[PDB]
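Given next, in structure tokens, is a single chain: the form deposited in one PDB entry.
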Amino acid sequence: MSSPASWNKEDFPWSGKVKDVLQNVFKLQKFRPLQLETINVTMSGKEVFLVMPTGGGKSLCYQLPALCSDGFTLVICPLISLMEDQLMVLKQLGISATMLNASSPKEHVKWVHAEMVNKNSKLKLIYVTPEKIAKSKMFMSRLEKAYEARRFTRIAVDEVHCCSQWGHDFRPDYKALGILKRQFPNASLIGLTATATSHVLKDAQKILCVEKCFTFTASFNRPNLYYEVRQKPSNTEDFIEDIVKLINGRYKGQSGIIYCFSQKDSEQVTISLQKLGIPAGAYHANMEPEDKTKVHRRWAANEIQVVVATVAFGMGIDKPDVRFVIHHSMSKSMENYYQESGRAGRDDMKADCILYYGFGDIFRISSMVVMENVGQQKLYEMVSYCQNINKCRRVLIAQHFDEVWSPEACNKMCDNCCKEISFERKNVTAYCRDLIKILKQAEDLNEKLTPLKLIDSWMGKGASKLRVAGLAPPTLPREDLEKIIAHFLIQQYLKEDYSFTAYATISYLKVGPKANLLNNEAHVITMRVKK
């Protein structure tokens, strides 16, 4: 990645206008890190790639230059919901911008087509789907003339990782985008993404034919964020009571976000918060634009304290003063978790990131990500993070962001650095052999054991048929039995198997690949616990 220090200056020719447009049109007082550098590179007509976390402020880096340049900037965007999110903001600021998608009405397409070639048009930003480049003969016809008229002057590729089929949410239509820079070279190109992997970034640059490219990356470390993991109560009505007690005891009246696994969870959580006296409001990526705005302003007016989020792709939410982010369930991955929790403490004042870990969420999420070849591997990394008690949470998160994360000290800004505990290891070897005897007897009976069934059989309950004759129940509190089973799962003395029913995927436990090690009595399985 390039060094941006040589660009962090306000003595370029356009600096006076950029400063003007920032304060008087966008109503912002200061640039966030790498905003001015990226803007300066684009304004000199050079290619730049900006790696910046979600909610960092990447949009400004192509919106502002559009307003300080002639003609319009073409913004390639993967979803209509993202385009609408942008046009909502641009409308309130007084900026003329529009969008084009496959469904857009005849009257609107003819208007945009005319404005593109109209030398006197106010249109500064045209958002399109990659289908408008790949599969629309006429739009490319209007771009070629707009380039002829010196009006098509910049290209912005939002979520530029999508150009690589290695990067998440890849669109095949993004591979066609290389024609823009190749054939319309005087249009400068800026690529925005939150994903740091150098392989997806260098592949994207080849695809876009922009290999002569400045790459700027932000510090992904957010030192003002406090990371914490809490145990999730089995009873969901019990659970939201604890959430309300936590919000009232720590963040009374402060705005916050709650992330939920599902949309049904999202709205159920919303109404249970409203009944218990927390003004809440649900937000979803595919909501209609006029709904999204009301959630935002009601949030801004503090008519709703908490916004209940839905975590999957296309999130709107960002507010600068979010004091807490609660994850109702763990994320699908560490990379997802960092980004989602990262919406806290924009204002650079202290904010908390609360992750609620539940034994049952291991199998609920695992079953949902069956069709992602690495889904289970990424989820187990999240579980291991939840299970960790002896390491700084910031160290664990940083290991997923090698290139983009500073060694900078945590300074007691995570629960593991603040809690004054010591640890000891305990033997769990005989527990594992008990579980394997139960799982092989179930295998002899042609029976598949869910986690619930296995614990029951282990404790001496459930179907007598699945109980092993001589097994003495472990007589530990059920939460410790759950911690034991999850440890064996992550360590692969047990593994997950799946059943597909008419409406759901159901996870089952089976003997794991490392259980052979217990045939040698020398092998000892241990767990780290709190002393």
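All residue numbers are counted from 1 along the displayed sequence. The term rigid core refers to the most C-alpha atoms you can superpose between the two forms while keeping them within 1.5 Å.
The protein also exists as the form deposited in another entry; that form is not presented, and the subsequent description refers to it.
- Core superposition between this form and the one not shown leaves every listed residue (450, 384, 165, 234) with a C-alpha shift below 2 angstroms except 165.
- A movement of the C-alpha atom of residue 294 falling short of 2 angstroms is seen between this form and the one not shown when the two forms are aligned on their rigid core.
- After superposition on the rigid core, displacement of the C-alpha of residue 45 between this form and the one not shown stays below 2 Å.
- Here residue 461 counts as shifted, since its C-alpha moves by at least 2 Å between this form and the one not shown after the core is aligned.
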